[PDB]
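One structure is given here, and the rest of the page talks about it.
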RNA sequence: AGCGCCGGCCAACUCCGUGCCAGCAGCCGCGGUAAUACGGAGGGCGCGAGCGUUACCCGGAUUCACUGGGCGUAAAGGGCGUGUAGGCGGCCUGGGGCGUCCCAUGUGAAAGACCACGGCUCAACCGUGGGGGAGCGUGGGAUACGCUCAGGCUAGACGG
RNA sequence: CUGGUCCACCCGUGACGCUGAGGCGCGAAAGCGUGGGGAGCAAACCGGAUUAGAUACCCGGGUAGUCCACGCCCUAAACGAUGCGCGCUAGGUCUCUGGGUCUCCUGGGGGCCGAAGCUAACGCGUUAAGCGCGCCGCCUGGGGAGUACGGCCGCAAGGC
Ligand SMILES: [K+]
Ligand SMILES: [K+]
Ligand SMILES: [K+]
Ligand SMILES: [K+]
Ligand SMILES: [Mg+2]
Ligand SMILES: [Mg+2]
Ligand SMILES: [Mg+2]
Ligand SMILES: [Mg+2]
Ligand SMILES: [Mg+2]
Ligand SMILES: [Mg+2]
Ligand SMILES: [Mg+2]
Ligand SMILES: [Mg+2]
Ligand SMILES: [Mg+2]
Ligand SMILES: [Mg+2]
Ligand SMILES: [Mg+2]
Ligand SMILES: [Mg+2]
Ligand SMILES: [Mg+2]
Ligand SMILES: [Mg+2]
Ligand SMILES: [Mg+2]
Ligand SMILES: [Mg+2]
Ligand SMILES: [Mg+2]
Ligand SMILES: [Mg+2]
Ligand SMILES: [Mg+2]
Ligand SMILES: [Mg+2]
Ligand SMILES: [Mg+2]
Ligand SMILES: [Mg+2]
Ligand SMILES: [Mg+2]
Ligand SMILES: [Mg+2]
Ligand SMILES: [Mg+2]
Ligand SMILES: [Mg+2]
Ligand SMILES: [Mg+2]
Ligand SMILES: [Mg+2]
Ligand SMILES: [Mg+2]
Ligand SMILES: [Mg+2]
Ligand SMILES: [Mg+2]
Ligand SMILES: [Mg+2]
Ligand SMILES: [Mg+2]
Ligand SMILES: [Mg+2]
Ligand SMILES: [Mg+2]
Ligand SMILES: [Mg+2]
Ligand SMILES: [Mg+2]
Ligand SMILES: [Mg+2]
Ligand SMILES: [Mg+2]
Ligand SMILES: [Mg+2]
Ligand SMILES: [Mg+2]
Ligand SMILES: [Mg+2]
Ligand SMILES: [Mg+2]
Ligand SMILES: [Mg+2]
Ligand SMILES: [Mg+2]
Ligand SMILES: [Mg+2]
Ligand SMILES: [Mg+2]
Ligand SMILES: [Mg+2]
Ligand SMILES: [Mg+2]
Ligand SMILES: [Mg+2]
Ligand SMILES: [Mg+2]
Ligand SMILES: [Mg+2]
Ligand SMILES: [Mg+2]
Ligand SMILES: [Mg+2]
Ligand SMILES: [Mg+2]
Ligand SMILES: [Mg+2]
Ligand SMILES: [Mg+2]
Ligand SMILES: [Mg+2]
Ligand SMILES: [Mg+2]
Ligand SMILES: [Mg+2]
Ligand SMILES: [Mg+2]
Ligand SMILES: [Zn+2]
């Protein structure tokens, strides 16, 4: 069971706003807005110079807490990444962006990743035509990620897919706001992304 | 500037206790003394004087260094025959290496010379008229040749490098070229532009530094008469 | 008695260049001469020449260095920075062409002795053959 | 322009009648991440003055690292005192695999991929110097060429 | 929704209780009243159907060092010879090819591992295909080095 | 009576070489056996002092022993606390011992100081602790312990 607890608190521990809520982390309320210092009774005290370790950790904690993936899950990927050919850093990110639950979010069918996940666990999603409820399912390039033929009518699907009308999206993706379907065109490149995370440090955290 | 058969002075110097390295410049062994091969003395002269004109005709400051009492004067003279600074008393540790600091002394020097020419001379207890006079006394003993240095030199002219090793070492470190009239006991390698020959014996120090300062005047443009320090060879 | 003449040669060369000698002699032998051809060709040494010191045949090895350097210690760079014996009596070292070493990513060399003659690691690879890994130089 | 990373700061002690009288030593690396680093070890009565003095000594002690796409042109081992350091070239994606001391130096020299190993005495100060010296001894084909060309 | 941590190593601090006690403790070490180290609480860090603990193997440990260590004063040169076996062996030529090197070829069960595609909605799991050195056997080839047999030589050694 | 060794001449042999597990021999002092010897010295011991108390240091005596022969023991701060051989790598100075044309040159030893270099440092530095090759011996945290057990050796003490 992926985390499941106060999130606009983790953003606070990372000193950088994380989109764990979606549209509230946009409207002067992500807490990071007027209260960006870490959580707990000691949040406003001066931070002692972080150990090399500390940095490499909190960093990984950002990158992971973003996609809301468990350490076990997370670690397996990084390993799979290390093994594969090519710059482990980037590749690792490509794999992270290939998680169905994530693409669903990146297409706007859902606001946040936590919500994007649930839409998958409830079959409201469809890869290449068939239903898929594995949020960790890996979307390969060429796959069409649509909305349950019988879920296009769902209230929530309307809003999100509506606000998606007229709104450019990921250069490796393509949203056909009409049939409520999308298309994973290519594995994003580090360039394609703008994540507040230096993967280098992550690779270093595991290097230890 | 020039000269060839100079066996009238140089060559052969130092007993038999040399430095193996300076062996390239030795001609033969005579009467327990090493006789320098002048051909090479000459070759180095050219090579070196050439570097002299270089610095000369560009406005480059050459710092002269000679404490060896066998030339402590020849230096302070030929050196004055050019805006070239000189050190003939005691090479103070860190003049180049700690130049910034050692110059604060130069400031206090000329500054004291002020006080000793103003209404404040005969002012305050003569207990200060003693301490301050002595202060100027010493400053004027050493820094009276070093005062002409606003910045680090562009070369160093050392008489006996072995003797002025502390100077050479400071130069070397600051990549400041090292011009030196070294000999038998000295280490060649430590000197960039060498002039192998008697580092001792006034008749030798005078001749060399002489023509050297001539070429400095000439090269930089000024044309001057023969050296006003040939009387010192007495 | 000399136990490893090749190692002795490698050393005379090593020893002489550290004091920056002009030349330096080593008792002559065909094999040594073969090593020298390579050192020469590769440009680690100005060259070498046969000679007859005291009746017996030697090999003047003309060492070579870099230019004078600045700052304290003007001593030039060595052309032969490293030169070490690999194979040795009582522990000979052999290699297949597939197992020939790449000394300092090519910036260096390794002299093997093969049934096709003495050759650098490249030469050896070229004629696709291995042998006794005589020494390395760089 | 230049970046500084503090390698270590220690509080040495000396004896006097009355008691111990302290000092602080600081190791600082300074690099442009463009193939230029400097090491400085400054000591002073206070930690700050120490650090500052160290930074200042570092810039006076620079090395031109022959970067060839985030890595070193070739491998080298340098022993400084009883500390030995092993530097090995690495393909991109590898990263900087090193202890905290060599890392700081390597990273500011603008190295991005390198294999490393601390052998012998792992005294920070001495490992640091072994490193700078290793970097300082690095050569390039271009260099070997001019050298053996003659 | 639990479990372990928050003195340093090692991510995470504050109050009360207790006063060399009760207790903690992987190592260094904490506790004799104002304990970030004991017990509680509030916070916080780390994982999460799991988290800790003990046991055992490899690692870090170039701390048995072949790669890759050492022995003057830190374990560590034998009290000194003589010499057996063994290890090692100047310069030149020739024969043989033992070591060494090179082609080719036969072995090298499947499975596993690696790579690529595939089947269970994914994965774990599974299938198909692809690569496979090494190690030995065989056939042919090379001869610089090492070995061996022949001859020669004086620079090692030994004689006068 | 006898071992080693150094120099000169470059006369003879043609690697006949290096190292060396076991083995064998040598091996200070004390100690052991048999028999001699015994001046001086001196464990033990007998006394006198000192002292809080001295089974001590100081003083007076004094046996083994110290000395010899033959046999045994086999240890040590048996030390340069550095195994043996060979080649290579600035010099200065003193000294012992050869040969030479005898200021000096050239060998073989003994000391200092020092190039390069090496070393944790002290230091080492053509007597290496430098650069290399060959072979032997040995080390692997402290205590337990050079102990226990076993074997071997010894008259024993005890040694390995
Ligand atoms: K070194
Ligand atoms: K011993
Ligand atoms: K043959
Ligand atoms: K026993
Ligand atoms: Mg990878
Ligand atoms: Mg001076
Ligand atoms: Mg002189
Ligand atoms: Mg060698
Ligand atoms: Mg070498
Ligand atoms: Mg090897
Ligand atoms: Mg401190
Ligand atoms: Mg460079
Ligand atoms: Mg070492
Ligand atoms: Mg250690
Ligand atoms: Mg912490
Ligand atoms: Mg506890
Ligand atoms: Mg309290
Ligand atoms: Mg507490
Ligand atoms: Mg604790
Ligand atoms: Mg507590
Ligand atoms: Mg699970
Ligand atoms: Mg272990
Ligand atoms: Mg190991
Ligand atoms: Mg161990
Ligand atoms: Mg080894
Ligand atoms: Mg060790
Ligand atoms: Mg001891
Ligand atoms: Mg010892
Ligand atoms: Mg000892
Ligand atoms: Mg011994
Ligand atoms: Mg003995
Ligand atoms: Mg042979
Ligand atoms: Mg096969
Ligand atoms: Mg196979
Ligand atoms: Mg198989
Ligand atoms: Mg599939
Ligand atoms: Mg298969
Ligand atoms: Mg023969
Ligand atoms: Mg003869
Ligand atoms: Mg004959
Ligand atoms: Mg022997
Ligand atoms: Mg034998
Ligand atoms: Mg005895
Ligand atoms: Mg006796
Ligand atoms: Mg008796
Ligand atoms: Mg008596
Ligand atoms: Mg008493
Ligand atoms: Mg009494
Ligand atoms: Mg008595
Ligand atoms: Mg003995
Ligand atoms: Mg002794
Ligand atoms: Mg031995
Ligand atoms: Mg001597
Ligand atoms: Mg001597
Ligand atoms: Mg020390
Ligand atoms: Mg010395
Ligand atoms: Mg030696
Ligand atoms: Mg040593
Ligand atoms: Mg032993
Ligand atoms: Mg134990
Ligand atoms: Mg023990
Ligand atoms: Mg013991
Ligand atoms: Mg004993
Ligand atoms: Mg018995
Ligand atoms: Mg005993
Ligand atoms: Zn938020």
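Chains as they are written, first to last, in full-length UniProt numbering: chain B, 2 to 209; chain C, 7 to 240; chain V, 1 to 138; chain Z, 5 to 154. Where a beta carbon is used, it is the ideal one built from N, C-alpha and C, also for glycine.
Determine the burial state of residue i: buried for a count of at least 16 other Cβ atoms within 10 Å of its Cβ, exposed for fewer.
i: residue 57 of chain V; result: exposed
i: residue 84 of chain V; result: exposed
i: residue 45 of chain V; result: buried
i: residue 1 of chain V; result: exposed
i: residue 11 of chain C; result: exposed
i: residue 181 of chain C; result: exposed
i: residue 136 of chain Z; result: buried
i: residue 54 of chain V; result: exposed
i: residue 168 of chain C; result: buried
i: residue 22 of chain B; result: buried
Which residues of chain Z have a Cβ atom closer than 7 Å to the Cβ of residue i, listed in chain order?
i: residue 205 of chain B; result: 99
Could you work out which residues of chain Z lie near residue i, taking near to mean beta carbons separated by less than 9 Å?
i: residue 104 of chain V; result: 77, 78, 79, 80, 143, 148
i: residue 42 of chain V; result: 152
i: residue 21 of chain V; result: Those within 9 Å of residue 21 of chain V in chain Z number zero; the least Cβ separation is about 17 Å.
i: residue 89 of chain B; result: 97, 98, 99
i: residue 66 of chain V; result: 150, 151
Since residue i meets chain V, which of its residues come closer than 7 Å, beta carbon to beta carbon?
i: residue 181 of chain C; result: 70, 71
i: residue 93 of chain Z; result: 105
i: residue 178 of chain C; result: 71, 72
Which chain B residues are close to residue i, counting only those with a beta carbon under 8 Å from its beta carbon?
i: residue 104 of chain Z; result: 53
Which stretch, first to last residue, makes up the alpha helix (DSSP H) that contains residue i?
i: residue 213 of chain C; result: 208-226
i: residue 52 of chain Z; result: 51-63
i: residue 111 of chain B; result: Per DSSP, residue 111 of chain B belongs to no alpha helix (DSSP H) and is neither H nor E.
i: residue 66 of chain Z; result: First-last for residue 66 of chain Z: 66-68, but that is the beta strand (DSSP E), not the alpha helix (DSSP H).
Name, please, each residue of chain C whose Cβ falls closer than 7 Å to the Cβ of residue i.
i: residue 74 of chain V; result: 195
Start and end of the beta strand (DSSP E) containing residue i?
i: residue 31 of chain Z; result: 28-35
i: residue 19 of chain Z; result: 17-20
i: residue 106 of chain Z; result: Unbroken run through residue 106 of chain Z is the alpha helix (DSSP H), 104-112; no beta strand (DSSP E).
i: residue 120 of chain Z; result: 118-124
Check the DSSP bridge columns for residue i and list the partner residues they point to.
i: residue 150 of chain V; result: The structure shown does not extend to residue 150 of chain V, since chain V spans only 1 to 138, so no value can be given for it.
i: residue 101 of chain C; result: None; residue 101 of chain C has no bridge partner.
i: residue 125 of chain C; result: Its beta-bridge partners do not exist; DSSP assigns none.
i: residue 78 of chain Z; result: According to DSSP, which records beta bridges pairwise, residue 78 of chain Z is partnered with nothing at all.
i: residue 200 of chain C; result: C/186
Interface residues of chain V around residue i at Cβ under 8 Å?
i: residue 175 of chain C; result: 72
Can you pull the chain Z residues whose beta carbon is under 8 Å from the beta carbon of residue i, in chain order?
i: residue 79 of chain V; result: 151, 152, 154
Unbroken beta strand (DSSP E) runs of length 3 or more, entirely within the stretch 128-187 of chain B: which are they? 145-148, 182-184
In chain order, which continuous runs of the beta strand (DSSP E) of length 3 or greater are located wholly inside the stretch 29-95 of chain V? 47-51, 58-62, 83-85
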